[PDB]
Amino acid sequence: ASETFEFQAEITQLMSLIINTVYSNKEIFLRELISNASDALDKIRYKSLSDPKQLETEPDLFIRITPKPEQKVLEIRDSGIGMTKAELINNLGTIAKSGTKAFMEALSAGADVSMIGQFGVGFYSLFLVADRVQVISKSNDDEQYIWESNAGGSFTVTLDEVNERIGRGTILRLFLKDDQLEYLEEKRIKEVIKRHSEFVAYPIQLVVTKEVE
């Protein structure tokens, strides 16, 4: 059984705006997700300073990107702090965010969509290239859960009994729009990373599937 929740009014507005925008530099979405991953990694790392055992659930700190072409899916994973069920509901939708309205007004004035991250709502830039997203997360303090949204007014949270076990961390599973399948390509992904995420303190791994020769 999955519980359904409504997004705070302004967040629904932002998503509708983003998923329908004409913007030409949509690649910045990956920069934002990598940045968020790094911040979650910083949090578990900082937390481990006074409680090292917090790391035992997943000793390695990394960001991993996995293209799943057959499903037109792009996964961005990190072994950061992760989110409990309550945090998913809180952080991803029900609580108002300081910059949602301000960012939208900035866009109306001509601001570059690339500024989204500075308004603290970069997560939603994922809708530039995807029309559906599943956030799979495992915090040391809770079971693994699935938060899902299609840019509509509500989202779902479900106990995870269908995905690979995450030691600790979060997986953003993006279901790419048909005209944005280029982000499934190793070449494209690498250039976006080098260009926007040169200064990341964690290893960024890319999972590539090749047919044997």
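We call the rigid core the largest set of C-alpha positions that still match within 1.5 Å between the two forms. A residue's number is simply how far along the shown sequence it sits, counting from 1.
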{"item": "Which of 96 to 104 and 83 to 91 strays further in 5 other deposited structures of this protein - Cα RMS after rigid core alignment", "value": "96 to 104"}
{"item": "Residue stretch of maximal mean CA temperature factor, 147 to 155 vs 47 to 55", "value": "47 to 55"}
{"item": "Given 177 to 185 and 64 to 72, the range whose Cα B-factors average higher in the PDB entry", "value": "177 to 185"}
{"item": "Selection from 84, 134, 118, 98 [criterion: highest C-alpha temperature factor in the record]", "value": "98"}
{"item": "Third of the chain's Cα B-factor distribution that residue 122 belongs to, per the entry", "value": "lowest"}
{"item": "Among modelled residues of the same chain, the CA temperature factor third for residue 110", "value": "middle"}
{"item": "Relative C-alpha B-factor of residue 79, binned into the chain's lowest, middle or highest third", "value": "lowest"}
